[PDB]
Structure formats: C-alpha cells, structure tokens
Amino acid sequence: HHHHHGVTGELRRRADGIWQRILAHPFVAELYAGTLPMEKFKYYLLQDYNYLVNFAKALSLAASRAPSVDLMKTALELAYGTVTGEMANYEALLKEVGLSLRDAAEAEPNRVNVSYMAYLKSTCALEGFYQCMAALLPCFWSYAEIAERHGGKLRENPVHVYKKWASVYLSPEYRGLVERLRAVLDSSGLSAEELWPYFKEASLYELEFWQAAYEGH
C-alpha cells in the first residue's frame, strides 16, 4: 500500500484491474509453480528475447532525447543493464534449453509481440521522454511485482530454468532499475493523468503478451 506514494503509485492503482489479471495469469502462476510445460517456456523465451532486443532499442531512443544528462544516464543504464542482466540471463537460458541465438533470430514474433515492440519503439522515438518512461515502466515493474507475488512457490518449484529465469526479477539489482525508473517519473513534474495512456497501453500489452505465450499463438 505504501508503494502508492506518488504519480507512479497512482498509475499502478488505476491499472489495478489490468495488473491483477497479469498477476493471476496462468502462464505466470504455472511458471513460478513449476508446472508450466517446457514447450510454452521455450516459445516464451524465443518471443521474449526478441522483445528485449527491441526493448533495448526503445530505451536507446528515449535516451537519445533525455531532457537532462542525468535522465540520459538513466535510460542508458536501463538499456545496457537490459543487455547485461535480462538478456545475458536469457541467452544462457536459451542455451541451457537447447536453443541457439540463431534460433532466436529466426523465431517469428507473434502479433502481440510485433504490436508491443512497435508501441514501445514508436513511443520512444516520438513522444516526450517522461511519456516514454511511463510506457516502459509497466514492463519493468509488472515483472518485479509478479515475482513479489509468486516468489514463495519457487522453493517448491522443481524446474531449474524457471527458477533461474525468476531470480533476476527478485534481485535487488532489478528492483533498483524499477525504483530508479519510478523515481524519475514521480519527480517528472507531470501528472498521473498525463502519463496514464502510456502506462495503460503497455500494461494491456503485458497481459496480451502472457496470454499469447500461454496459447502458443
């Protein structure tokens, strides 16, 4: 309840309907429980890796237009940090699961992936810096909160790769990317209302992305 401090708290609360569906999504619950079929995870990894590449490009775009040096530093940190944290982890997860980077490059993105990646890049290439951040926040934050909610099931999760995947989102370093991004938005000088459309769309794509990964769309 105390995360509901400022602008970003307001945004999170407005998206509660969406986020509760994300938090309660069967893909998520199964993944953390250890019951998710490995083929679905494989399919998810292929899709999500492509999303991360394009997510890094989106951060790059936002960085190209940061209204201050510090803000530019934050976006770059989020971008290199995405390559150095998540993507490195994914690269290793693919390898352990018998998928190559070439397989990744050859995996066709599903429709939601195309649309979501498009939305983030479009926004980050054309909208105000803080609007971009608002569009990028749900991606970062939802994954942390998902972890914060289903973390307990990991101790009973028999699958090693699912646990390794989840470890990033429980890590203080990842929660710090989240905290840092929220701090940027809470001090942006802009209202929750101005930021809402961006935060909302991205949140809706996060829900469709999990669904798409669940039904191997």
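Counting begins at 1, following the sequence as shown.
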- Mean C-alpha B-factor higher for 143 to 151, or for 100 to 108? 100 to 108
- Task: Could you check which stretch, 78 to 86 or 119 to 127, carries the larger mean CA temperature factor in the entry?
- Result: 78 to 86
- Query: From 69, 168, 63, 181, pick the one with the largest CA B-factor in the entry?
  - Reply: 168
- For the listed residues 190, 52, 177, 38, which one has the largest C-alpha B-factor as given in the deposited model? 38
- For residue 46, does the deposited CA B-factor place it in the lowest, middle or highest third of the chain? middle
- Item | Third of the chain's Cα B-factor distribution that residue 58 belongs to, per the entry | lowest
